[PDB]
Amino acid sequence: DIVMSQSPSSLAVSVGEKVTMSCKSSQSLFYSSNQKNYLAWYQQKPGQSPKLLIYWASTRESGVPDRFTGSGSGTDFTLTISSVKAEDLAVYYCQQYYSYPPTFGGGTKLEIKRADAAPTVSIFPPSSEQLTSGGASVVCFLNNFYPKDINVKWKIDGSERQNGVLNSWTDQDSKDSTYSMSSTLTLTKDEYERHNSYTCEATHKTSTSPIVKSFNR
Amino acid sequence: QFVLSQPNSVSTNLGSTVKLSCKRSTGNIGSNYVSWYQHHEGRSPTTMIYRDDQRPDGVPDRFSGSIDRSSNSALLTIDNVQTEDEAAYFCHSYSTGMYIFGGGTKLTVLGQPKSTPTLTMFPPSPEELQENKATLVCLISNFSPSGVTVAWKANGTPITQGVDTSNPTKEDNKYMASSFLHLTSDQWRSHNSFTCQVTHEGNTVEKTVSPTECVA
Amino acid sequence: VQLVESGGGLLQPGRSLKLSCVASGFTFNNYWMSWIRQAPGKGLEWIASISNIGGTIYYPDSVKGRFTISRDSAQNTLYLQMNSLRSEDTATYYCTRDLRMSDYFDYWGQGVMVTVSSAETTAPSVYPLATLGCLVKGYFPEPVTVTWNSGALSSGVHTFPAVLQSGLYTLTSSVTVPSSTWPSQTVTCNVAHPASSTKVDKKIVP
Amino acid sequence: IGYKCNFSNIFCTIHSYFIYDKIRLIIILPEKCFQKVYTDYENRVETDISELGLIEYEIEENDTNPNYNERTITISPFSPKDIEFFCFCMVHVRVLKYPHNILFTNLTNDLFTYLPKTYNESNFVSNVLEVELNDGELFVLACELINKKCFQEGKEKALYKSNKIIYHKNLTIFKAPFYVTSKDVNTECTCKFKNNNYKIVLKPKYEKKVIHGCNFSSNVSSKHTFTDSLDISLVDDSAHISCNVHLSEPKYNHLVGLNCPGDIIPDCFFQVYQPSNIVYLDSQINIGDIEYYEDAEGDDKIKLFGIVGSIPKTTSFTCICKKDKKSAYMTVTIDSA
Amino acid sequence: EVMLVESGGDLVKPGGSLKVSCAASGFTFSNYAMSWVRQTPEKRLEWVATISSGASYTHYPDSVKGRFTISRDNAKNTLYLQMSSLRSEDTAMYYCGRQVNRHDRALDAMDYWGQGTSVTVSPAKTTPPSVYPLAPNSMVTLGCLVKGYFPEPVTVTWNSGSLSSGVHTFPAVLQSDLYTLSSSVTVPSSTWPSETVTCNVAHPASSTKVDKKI
Ligand SMILES: *[C@@H]1O[C@H](CO)[C@@H](O[C@@H]2O[C@H](CO)[C@@H](O[C@@H]3O[C@H](CO)[C@@H](O)[C@H](O[C@H]4O[C@H](CO)[C@@H](O)[C@H](O)[C@@H]4O)[C@@H]3O)[C@H](O)[C@H]2NC(C)=O)[C@H](O)[C@H]1NC(C)=O
Ligand SMILES: *[C@@H]1O[C@H](CO)[C@@H](O[C@@H]2O[C@H](CO)[C@@H](O[C@@H]3O[C@H](CO)[C@@H](O)[C@H](O[C@H]4O[C@H](CO)[C@@H](O)[C@H](O)[C@@H]4O)[C@@H]3O)[C@H](O)[C@H]2NC(C)=O)[C@H](O)[C@H]1NC(C)=O
């Protein structure tokens, strides 16, 4: 076995800079005669399969951007992106193939610093065919904002409640480079047919007021 | 896997038509070649019939084969039985690495007339009685042919164990054979009836002895 | 065609013997070979079969491992290496040439005899019986001589065959004499075993 | 041992793929043979052995014997062309090319630049090399063994066996058997070099079981796939059954055999009917290197051989499968073109 | 183009067995050796197994030794993997990757990776989802809710894959032994309700396929 200590686990950079992926192996990966290293870096795009970048810890694959110039020998190995782009915000993996078995790294997510943007909240009422089953759930669609740090509060007839609420956070986009989030106000049919005003408030850094969108039956 | 059932002994007169069977137990006999061989005593076995019915060059037409699907048995037919035909005959079927043989029917040529056996009995000697042992002797002589069967009996009950019987040998113009019966010292004088019956083609000739005998 | 058989003799349990079978005339590597034996008073039994060169070899389960067939092309001979012999193997062994297409044996060999017994060569014990006959009980190996008055009684000499009771032979020899000759004259039974060099004389008196 | 031709104690015809074999002659034109050669026989020319297509050769002249001045030559399997060199006194020799791939694992100091492609220690995986071999091939290596126990043993309790394990010079060579029966077979060669221990493990590829033959077996689950099948348990007792393979190609990489559930007559595939006409196969085909293999699926009987190369005469032979009174004929017809 | 299309994703009770294929296309299959790797739900990669060029050699790690069985059919140019005595930890996304053979070595990097087919190990039998539309005047956002299903995953598209610009599909969350997710697509306000958008949901484990329009 080999342990592939790869740091940092999280990383946030800006557009158009250099960042140094770092990974260190437990044992050396340098043949004496071969004079090469047995390390491979892979790019696992979010919602996608991984793909190889550089083999032999230096030589790059065909179709790999020249900005990706890996480095290192023996134990420590470092990959570098000469000019970061908005298309390669992927978790980079550090894999060895020096001896059986081949183990991978922890991954280095490429979160990115983005120009601050506003969230586009949108509330949706439950469906009529949904009420027939016996349930009633309201969803407020927040999407395309920066940063990811946000909190959504659910108000029902003024008073707040925290009983059974879903929270889904997305990944950065390749064209707009933003985050998104949804939330579900799960409720029974008998409980839904008592109140008439349903509101969801989100707390984003752009505005000081809780960005609110509501509906009245 | 099957058994070739041949009878035990047959006797013929010069110039007869004799059929010799070879009954297969399981499986159709019409799928395994049977081969009839002639084994004469004091010689090596020869070959009379092969591939069911064809016979080798040097086998007279007297010898013939025959497969009967009804009785599931081959039949070696020997016409005009000659003097030298007194020998044992055998069948042999082969299949998938299994060479199965028959029983070996002993064909007898009767150049001599019918003859019943002359019996002779002998009780244990005094010196053997001293050693706490007894043995009876049955002398079967001048009988022909040799399709014989022995039976030692004690007080009517057929004694089974402690009996040895020699096959009919040639010493006279007709055959000769002998049989023995081991006993205990006290077990001989225990019963007062011993008999030796020989089944000679139906005739069960018999003789007897008794512990009350002439002494001194 | 000719099959020359060799070997054979007296052997005790566990011993091993190799029987040879020299071929003659035919093309040796073009005919299957086999070994067939017959025990005294029993039917023919197949023992081993070999192919033309040695691609296929069968044995019956009775001699599984105990026997080992062999054949040599250069010297045109057949072999049957038998181990751990038992009393059941007491038989005369024959080698045959077979046609695998006709499933039969065309030519056979002389057949050498094989004796498998744990018997030790010992002398007999005579017993007079009263026609008068002697009794030769428990003798080995075959044979034994029996005479009356050291060869003076010519007629009536009726010596019976031998039989294997419990590993040993046993026989009787009677002589029918006229009624007037006994118990008048002295009737002498001379018995000798030339194998063990003995000579016992027994008279007959009841 | 090797080929030999004697002219002191007719035509000495020889042609084969020579795996470091020694051609023996006993005593001659043109000039001194094995360095002078009768290439163009009609123009009667004298081409030297240096200006020929063979990669590695070794020519030897022995006069030490007080009766003959013998001439010998060793031919490495490394030959990129089919070279034909003659020398009479008649002794014509055409060195054939080995049709199989060659895997050279050079683990020695000597820079072996004769063959470009080669394998060395970088291909090892923690001092382990797992080589796959096709139906028939040749694996070469150049190093020095520890206690010289190599390429014969096997640790899966199933020993990988070869047609020829040839040990000349400092080169261990393995000749792959054209058809090995077992599913798992292996061989270990523990060689040492540069104070490191290297283990070369060899195993066969998924053998294309395309036996140009006939399967009269009454079984479906067979480890061997014949190009022709049938059951023999059903025919008439007097129905002759004819399975007649015909092969007609320039080169041959074929496997020919049969799976007979009954007995096989004659002792195939060494002996065959021409068509009691029992002839020998190697002489009937007239090819030296013909491999023979046999197998037994329980009670089924498998007998086959492997022909590799050209063939001099249109040969036809016939083997027989006999189950009880039933019969099954098979006719192989190898054409020559 | 190189194309490794995997197959064989479904739920198994702990102890069951499953075979996953990988139809390789567009290259000399017997020329290059193959391998499998799995990615846990935690996005952790593990090496599953690797097979030789002609299936003579195989390797497995100490974790799945004797439990999984890699195999390749170079006649049909497809790779396989037979998993047995499965545990809950065996739940991952199993990738079919082709090793590099430039330099002839048994252990190398994966030149090309496959789409990946995920498996799941749980005793809860597959329950089909309930598709509920979500309708709301500028740059109108459209929603589609998928509630109450098991197990992961579920494919969602809009207009059979015609709409992709500015479309978000929100991840699945675990609902007391069930799952639930939703999706949002943004369109120009003139295009709706004048033209029809249809949520295209698909659940592989239960062969479910719902096409509910907004
Ligand atoms: C066995 O086979 C292997 C594989 O063919 C072979 O491995 C070679 O090892 C040598 C060293 O032993 C490597 O050769 C070079 O060594 C020098 C030393 O100064 C380095 O500078 C080289 O690195 C440069 O390589 C490129 C060409 O100059 C540059 O573009 C690059 O940026 C580096 O600066 C290199 O390490 C060599 O790498 C491998 N072979 C290959 C194909 O990589 C070995 O020699 C064979 N023999 C034995 C006995 O093992
Ligand atoms: C097995 O045998 C092989 C075959 O020889 C061997 O691998 C070979 O090693 C030699 C090393 O001498 C390599 O030769 C090189 O060839 C390149 C171009 O072909 C040259 O540029 C090289 O010369 C450079 O380096 C020299 C220093 O040594 C300088 O003097 C020179 O000016 C050049 O800068 C060098 O000659 C050869 O390429 C390989 N490969 C092959 C296929 O030949 C191997 O070492 C042997 N041993 C083992 C264990 O494998």
# chains A, B, ... in the order shown; residues from 1 in each chain; ligands from 1
call {"tool": "residues_around", "arguments": {"residues": "region 54-69 of chain E", "least_positions_apart": "5", "cutoff": "6 Å", "atoms": "only C-alpha atoms", "output": "MDAnalysis selection string"}}
result
(chainID D and resid 205:206) or (chainID E and resid 49 81:84)
call {"tool": "residues_near_ligand", "arguments": {"ligand": "ligand 2", "cutoff": "10 Å", "atoms": "only C-alpha atoms and all ligand atoms", "output": "list in words"}}
result
residues 33 of chain A; 104, 105, 106, 107, 108, 109, 110, 111, 112, 113, 114, 115, 116, 117, 118, 119, 120, 121, 122, 141, 142, 143, 193 and 194 of chain D
call {"tool": "interface_residues", "arguments": {"of": "chain B", "to": "chain D", "cutoff": "12 Å", "atoms": "only C-alpha atoms", "output": "list in words"}}
result
residues 27, 28, 29, 30, 31, 32, 33, 34, 51, 52, 93, 94, 95, 96, 97, 98 and 99 of chain B
call {"tool": "residues_around", "arguments": {"residues": "residue 180 (chain E)", "least_positions_apart": "6", "cutoff": "7 Å", "atoms": "only C-alpha atoms", "output": "list in words"}}
result
residues 146, 147, 148, 149, 172, 173 and 174 of chain E
call {"tool": "write_last_selection", "arguments": {"atoms": "N, CA, C and O atoms", "output": "compact mmCIF listing (two decimals), in the first residue's frame"}}
result
# COMPACT_ATOMS: atom_id res chain seq x y z
N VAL E 146 -38.85 16.31 -7.87
CA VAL E 146 -38.81 14.85 -7.82
C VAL E 146 -38.71 14.45 -6.36
O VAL E 146 -37.66 14.64 -5.73
N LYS E 147 -39.79 13.90 -5.81
CA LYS E 147 -39.86 13.56 -4.40
C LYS E 147 -40.19 12.09 -4.22
O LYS E 147 -40.96 11.51 -4.99
N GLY E 148 -39.60 11.49 -3.19
CA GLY E 148 -39.92 10.13 -2.80
C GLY E 148 -39.46 9.06 -3.77
O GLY E 148 -40.26 8.51 -4.52
N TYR E 149 -38.16 8.76 -3.76
CA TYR E 149 -37.63 7.71 -4.62
C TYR E 149 -36.44 7.06 -3.94
O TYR E 149 -35.82 7.62 -3.03
N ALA E 172 -29.56 15.66 -4.75
CA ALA E 172 -30.51 14.84 -4.03
C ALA E 172 -30.16 14.78 -2.55
O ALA E 172 -28.99 14.66 -2.18
N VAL E 173 -31.18 14.87 -1.70
CA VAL E 173 -31.01 14.79 -0.25
C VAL E 173 -31.81 13.60 0.28
O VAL E 173 -32.81 13.20 -0.31
N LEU E 174 -31.34 13.04 1.40
CA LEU E 174 -31.84 11.78 1.93
C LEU E 174 -32.98 12.03 2.91
O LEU E 174 -32.79 12.70 3.93
call {"tool": "residues_around", "arguments": {"residues": "region 64-68 of chain C", "least_positions_apart": "5", "cutoff": "6 Å", "atoms": "only C-alpha atoms", "output": "count of residues only"}}
result
4
call {"tool": "interface_residues", "arguments": {"of": "chain E", "to": "chain A", "cutoff": "8 Å", "atoms": "only C-alpha atoms", "output": "VMD selection string"}}
result
chain E and resid 44 to 47 60 to 61 107 to 116 132 to 136 141 143 168 to 173 181 to 182 184
call {"tool": "write_last_selection", "arguments": {"atoms": "C-alpha atoms", "output": "PDB file, in the first residue's frame"}}
result
ATOM      1  CA  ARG E  44     -12.897   8.982  -2.653  1.00  0.00           C
ATOM      2  CA  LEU E  45     -11.283   6.948  -5.430  1.00  0.00           C
ATOM      3  CA  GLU E  46     -10.303   3.304  -4.957  1.00  0.00           C
ATOM      4  CA  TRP E  47      -8.626   0.836  -7.300  1.00  0.00           C
ATOM      5  CA  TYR E  60      -7.060  -7.155  -6.931  1.00  0.00           C
ATOM      6  CA  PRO E  61      -6.512  -5.177  -3.718  1.00  0.00           C
ATOM      7  CA  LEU E 107       0.771  -0.903 -13.859  1.00  0.00           C
ATOM      8  CA  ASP E 108       0.207   2.453 -15.561  1.00  0.00           C
ATOM      9  CA  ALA E 109      -2.111   5.448 -15.640  1.00  0.00           C
ATOM     10  CA  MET E 110      -5.543   5.343 -17.286  1.00  0.00           C
ATOM     11  CA  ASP E 111      -5.365   6.921 -20.741  1.00  0.00           C
ATOM     12  CA  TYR E 112      -9.150   7.210 -21.085  1.00  0.00           C
ATOM     13  CA  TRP E 113     -11.890   6.876 -18.474  1.00  0.00           C
ATOM     14  CA  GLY E 114     -15.484   5.777 -18.909  1.00  0.00           C
ATOM     15  CA  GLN E 115     -18.824   7.388 -18.145  1.00  0.00           C
ATOM     16  CA  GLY E 116     -19.204   5.378 -14.943  1.00  0.00           C
ATOM     17  CA  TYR E 132     -44.670  17.303  -9.391  1.00  0.00           C
ATOM     18  CA  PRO E 133     -44.477  20.325 -11.732  1.00  0.00           C
ATOM     19  CA  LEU E 134     -43.578  23.794 -10.459  1.00  0.00           C
ATOM     20  CA  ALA E 135     -45.054  26.800 -12.281  1.00  0.00           C
ATOM     21  CA  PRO E 136     -44.845  30.459 -11.132  1.00  0.00           C
ATOM     22  CA  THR E 141     -37.787  30.449 -14.059  1.00  0.00           C
ATOM     23  CA  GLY E 143     -39.189  24.269 -11.753  1.00  0.00           C
ATOM     24  CA  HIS E 168     -29.677  24.084 -12.893  1.00  0.00           C
ATOM     25  CA  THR E 169     -30.388  20.644 -11.410  1.00  0.00           C
ATOM     26  CA  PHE E 170     -30.200  20.581  -7.622  1.00  0.00           C
ATOM     27  CA  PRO E 171     -28.642  17.631  -5.766  1.00  0.00           C
ATOM     28  CA  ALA E 172     -30.515  14.838  -4.027  1.00  0.00           C
ATOM     29  CA  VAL E 173     -31.013  14.794  -0.249  1.00  0.00           C
ATOM     30  CA  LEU E 181     -34.415  16.535  -5.499  1.00  0.00           C
ATOM     31  CA  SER E 182     -35.561  19.253  -7.899  1.00  0.00           C
ATOM     32  CA  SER E 184     -34.776  24.749 -12.301  1.00  0.00           C
TER      33      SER E 184
END
call {"tool": "residues_around", "arguments": {"residues": "residue 191 (chain E)", "least_positions_apart": "5", "cutoff": "10 Å", "atoms": "only C-alpha atoms", "output": "VMD selection string"}}
result
chain E and resid 139 to 140 196 to 197
call {"tool": "write_last_selection", "arguments": {"atoms": "N, CA, C and O atoms", "output": "PDB file, in the first residue's frame"}}
result
ATOM      1  N   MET E 139     -37.807  36.936 -17.665  1.00  0.00           N
ATOM      2  CA  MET E 139     -36.866  35.828 -17.500  1.00  0.00           C
ATOM      3  C   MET E 139     -37.432  34.781 -16.541  1.00  0.00           C
ATOM      4  O   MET E 139     -36.905  34.531 -15.455  1.00  0.00           O
ATOM      5  N   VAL E 140     -38.535  34.169 -16.972  1.00  0.00           N
ATOM      6  CA  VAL E 140     -39.300  33.279 -16.108  1.00  0.00           C
ATOM      7  C   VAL E 140     -38.487  32.031 -15.797  1.00  0.00           C
ATOM      8  O   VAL E 140     -37.892  31.414 -16.691  1.00  0.00           O
ATOM      9  N   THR E 196     -43.939  24.907 -25.170  1.00  0.00           N
ATOM     10  CA  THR E 196     -44.073  23.879 -24.146  1.00  0.00           C
ATOM     11  C   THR E 196     -42.710  23.343 -23.723  1.00  0.00           C
ATOM     12  O   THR E 196     -41.894  22.961 -24.569  1.00  0.00           O
ATOM     13  N   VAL E 197     -42.477  23.312 -22.413  1.00  0.00           N
ATOM     14  CA  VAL E 197     -41.309  22.675 -21.816  1.00  0.00           C
ATOM     15  C   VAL E 197     -41.785  21.479 -21.002  1.00  0.00           C
ATOM     16  O   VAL E 197     -42.793  21.562 -20.291  1.00  0.00           O
TER      17      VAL E 197
END
call {"tool": "atom_distance", "arguments": {"atom1": "CA of residue 44 (chain D)", "atom2": "CA of residue 81 (chain D)"}}
result
21.7 Å
call {"tool": "closest_atom_pairs", "arguments": {"of": "chain B", "to": "chain C", "cutoff": "8 Å", "atoms": "only C-alpha atoms", "output": "CSV"}}
result
residue,atom,partner,partner_atom,distance
B:33,CA,C:103,CA,6.4
B:34,CA,C:103,CA,7.8
B:35,CA,C:104,CA,6.0
B:43,CA,C:110,CA,7.1
B:44,CA,C:110,CA,5.5
B:45,CA,C:108,CA,6.7
B:46,CA,C:108,CA,7.0
B:47,CA,C:106,CA,6.3
B:50,CA,C:104,CA,6.4
B:51,CA,C:102,CA,5.8
B:90,CA,C:44,CA,7.9
B:92,CA,C:104,CA,7.5
B:93,CA,C:103,CA,7.2
B:94,CA,C:103,CA,5.9
B:97,CA,C:58,CA,6.0
B:98,CA,C:60,CA,7.4
B:99,CA,C:46,CA,6.2
B:100,CA,C:46,CA,7.4
B:101,CA,C:44,CA,6.2
B:102,CA,C:43,CA,6.7
B:103,CA,C:43,CA,5.2
B:104,CA,C:43,CA,5.7
B:122,CA,C:129,CA,6.3
B:123,CA,C:129,CA,7.1
B:124,CA,C:129,CA,7.2
B:125,CA,C:129,CA,6.0
B:127,CA,C:127,CA,7.3
B:128,CA,C:127,CA,7.4
B:139,CA,C:160,CA,7.8
B:163,CA,C:165,CA,7.8
B:164,CA,C:165,CA,5.9
B:165,CA,C:163,CA,6.7
B:166,CA,C:163,CA,5.4
B:169,CA,C:161,CA,6.9
B:176,CA,C:160,CA,7.2
B:177,CA,C:161,CA,6.6
B:178,CA,C:160,CA,6.6
B:214,CA,C:206,CA,7.8
B:215,CA,C:206,CA,6.2
B:216,CA,C:206,CA,5.9
call {"tool": "select_by_dssp", "arguments": {"residues": "chain C", "states": "helix (DSSP H, G or I)", "output": "list in words"}}
result
residues 28, 29, 30, 61, 62, 63, 87, 88 and 89 of chain C
call {"tool": "residues_around", "arguments": {"residues": "region 147-151 of chain A", "least_positions_apart": "6", "cutoff": "10 Å", "atoms": "only C-alpha atoms", "output": "list in words"}}
result
residues 112, 113, 114, 115, 116, 117, 118, 119, 167, 169, 170, 171, 172, 178, 179, 180, 181, 201, 202, 203, 204, 205, 206 and 210 of chain A
call {"tool": "write_last_selection", "arguments": {"atoms": "N, CA and C atoms", "output": "PDB file, in the first residue's frame"}}
result
ATOM      1  N   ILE A 112     -13.351  29.189  -6.679  1.00  0.00           N
ATOM      2  CA  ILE A 112     -12.792  30.372  -7.320  1.00  0.00           C
ATOM      3  C   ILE A 112     -13.392  31.630  -6.712  1.00  0.00           C
ATOM      4  N   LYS A 113     -12.572  32.676  -6.616  1.00  0.00           N
ATOM      5  CA  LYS A 113     -13.045  33.991  -6.207  1.00  0.00           C
ATOM      6  C   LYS A 113     -13.730  34.661  -7.392  1.00  0.00           C
ATOM      7  N   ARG A 114     -14.981  35.059  -7.197  1.00  0.00           N
ATOM      8  CA  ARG A 114     -15.822  35.609  -8.248  1.00  0.00           C
ATOM      9  C   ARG A 114     -16.219  37.034  -7.885  1.00  0.00           C
ATOM     10  N   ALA A 115     -16.469  37.855  -8.904  1.00  0.00           N
ATOM     11  CA  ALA A 115     -17.036  39.173  -8.656  1.00  0.00           C
ATOM     12  C   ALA A 115     -18.419  39.017  -8.038  1.00  0.00           C
ATOM     13  N   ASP A 116     -18.644  39.705  -6.918  1.00  0.00           N
ATOM     14  CA  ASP A 116     -19.853  39.500  -6.127  1.00  0.00           C
ATOM     15  C   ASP A 116     -21.108  39.721  -6.962  1.00  0.00           C
ATOM     16  N   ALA A 117     -22.054  38.790  -6.848  1.00  0.00           N
ATOM     17  CA  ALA A 117     -23.304  38.827  -7.591  1.00  0.00           C
ATOM     18  C   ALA A 117     -24.470  38.595  -6.638  1.00  0.00           C
ATOM     19  N   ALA A 118     -25.698  38.877  -7.139  1.00  0.00           N
ATOM     20  CA  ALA A 118     -26.920  38.816  -6.352  1.00  0.00           C
ATOM     21  C   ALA A 118     -27.692  37.530  -6.629  1.00  0.00           C
ATOM     22  N   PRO A 119     -28.391  37.000  -5.625  1.00  0.00           N
ATOM     23  CA  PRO A 119     -29.182  35.782  -5.835  1.00  0.00           C
ATOM     24  C   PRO A 119     -30.544  36.079  -6.444  1.00  0.00           C
ATOM     25  N   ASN A 167     -32.384  21.147   1.907  1.00  0.00           N
ATOM     26  CA  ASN A 167     -31.385  22.135   1.506  1.00  0.00           C
ATOM     27  C   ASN A 167     -30.447  21.502   0.489  1.00  0.00           C
ATOM     28  N   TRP A 169     -27.344  22.292  -2.204  1.00  0.00           N
ATOM     29  CA  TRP A 169     -26.327  23.219  -2.682  1.00  0.00           C
ATOM     30  C   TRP A 169     -25.643  22.646  -3.915  1.00  0.00           C
ATOM     31  N   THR A 170     -25.429  23.496  -4.916  1.00  0.00           N
ATOM     32  CA  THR A 170     -24.891  23.067  -6.196  1.00  0.00           C
ATOM     33  C   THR A 170     -23.395  23.366  -6.277  1.00  0.00           C
ATOM     34  N   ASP A 171     -22.819  23.133  -7.452  1.00  0.00           N
ATOM     35  CA  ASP A 171     -21.419  23.403  -7.739  1.00  0.00           C
ATOM     36  C   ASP A 171     -21.307  24.630  -8.636  1.00  0.00           C
ATOM     37  N   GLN A 172     -20.080  25.124  -8.781  1.00  0.00           N
ATOM     38  CA  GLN A 172     -19.844  26.293  -9.615  1.00  0.00           C
ATOM     39  C   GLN A 172     -20.117  25.978 -11.081  1.00  0.00           C
ATOM     40  N   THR A 178     -20.966  30.524 -10.725  1.00  0.00           N
ATOM     41  CA  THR A 178     -21.791  30.891  -9.584  1.00  0.00           C
ATOM     42  C   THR A 178     -22.311  29.634  -8.897  1.00  0.00           C
ATOM     43  N   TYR A 179     -22.913  29.831  -7.729  1.00  0.00           N
ATOM     44  CA  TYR A 179     -23.539  28.763  -6.963  1.00  0.00           C
ATOM     45  C   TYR A 179     -25.057  28.889  -7.036  1.00  0.00           C
ATOM     46  N   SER A 180     -25.738  27.888  -6.482  1.00  0.00           N
ATOM     47  CA  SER A 180     -27.194  27.858  -6.466  1.00  0.00           C
ATOM     48  C   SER A 180     -27.655  27.043  -5.266  1.00  0.00           C
ATOM     49  N   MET A 181     -28.926  27.215  -4.902  1.00  0.00           N
ATOM     50  CA  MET A 181     -29.469  26.504  -3.753  1.00  0.00           C
ATOM     51  C   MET A 181     -30.988  26.440  -3.844  1.00  0.00           C
ATOM     52  N   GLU A 201     -37.119  33.781   3.174  1.00  0.00           N
ATOM     53  CA  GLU A 201     -36.170  34.887   3.215  1.00  0.00           C
ATOM     54  C   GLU A 201     -34.748  34.346   3.226  1.00  0.00           C
ATOM     55  N   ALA A 202     -33.912  34.883   2.343  1.00  0.00           N
ATOM     56  CA  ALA A 202     -32.507  34.522   2.262  1.00  0.00           C
ATOM     57  C   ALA A 202     -31.641  35.709   2.661  1.00  0.00           C
ATOM     58  N   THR A 203     -30.486  35.407   3.246  1.00  0.00           N
ATOM     59  CA  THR A 203     -29.575  36.417   3.777  1.00  0.00           C
ATOM     60  C   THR A 203     -28.288  36.385   2.960  1.00  0.00           C
ATOM     61  N   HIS A 204     -28.179  37.295   1.998  1.00  0.00           N
ATOM     62  CA  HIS A 204     -27.012  37.394   1.135  1.00  0.00           C
ATOM     63  C   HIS A 204     -26.254  38.682   1.431  1.00  0.00           C
ATOM     64  N   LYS A 205     -24.941  38.653   1.187  1.00  0.00           N
ATOM     65  CA  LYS A 205     -24.080  39.781   1.527  1.00  0.00           C
ATOM     66  C   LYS A 205     -24.365  41.023   0.690  1.00  0.00           C
ATOM     67  N   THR A 206     -24.959  40.865  -0.494  1.00  0.00           N
ATOM     68  CA  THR A 206     -25.171  42.010  -1.374  1.00  0.00           C
ATOM     69  C   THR A 206     -26.111  43.030  -0.743  1.00  0.00           C
ATOM     70  N   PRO A 210     -33.425  40.911   4.076  1.00  0.00           N
ATOM     71  CA  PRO A 210     -33.605  39.512   3.665  1.00  0.00           C
ATOM     72  C   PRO A 210     -34.400  39.434   2.370  1.00  0.00           C
TER      73      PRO A 210
END
call {"tool": "select_by_dssp", "arguments": {"residues": "region 26-159 of chain D", "states": "strand (DSSP E)", "output": "number ranges by chain"}}
result
D: 26, 36-37, 47-48, 57-62, 70-75, 83-87, 91-95, 102-106, 128-133, 138-142, 144-150
call {"tool": "atom_distance", "arguments": {"atom1": "CA of residue 77 (chain A)", "atom2": "CA of residue 2 (chain A)"}}
result
14.9 Å
call {"tool": "residues_around", "arguments": {"residues": "region 193-199 of chain B", "least_positions_apart": "3", "cutoff": "12 Å", "atoms": "only C-alpha atoms", "output": "VMD selection string"}}
result
chain B and resid 116 to 123 135 to 141 143 146 to 159 163 165 177 to 181 183 187 to 190 202 to 212
call {"tool": "closest_atom_pairs", "arguments": {"of": "chain A", "to": "ligand 1", "cutoff": "8 Å", "atoms": "only C-alpha atoms and all ligand atoms", "output": "CSV"}}
result
residue,atom,partner,partner_atom_place_in_ligand_line,distance
A:32,CA,ligand 1,12 (O),7.2
A:33,CA,ligand 1,12 (O),4.2
A:34,CA,ligand 1,9 (O),4.0
A:35,CA,ligand 1,36 (O),5.0
A:36,CA,ligand 1,38 (O),6.1
call {"tool": "atom_distance", "arguments": {"atom1": "CA of residue 68 (chain D)", "atom2": "CA of residue 38 (chain D)"}}
result
22.6 Å
call {"tool": "interface_residues", "arguments": {"of": "chain D", "to": "chain E", "cutoff": "10 Å", "atoms": "only C-alpha atoms", "output": "list in words"}}
result
residues 119, 122, 123, 124, 125, 128, 129, 130, 131, 132, 133, 134, 183, 184, 185, 186, 202, 203, 204, 205, 206 and 207 of chain D
call {"tool": "interface_residues", "arguments": {"of": "chain C", "to": "chain D", "cutoff": "7 Å", "atoms": "only C-alpha atoms", "output": "list in words"}}
result
residues 30, 51, 52, 53 and 55 of chain C
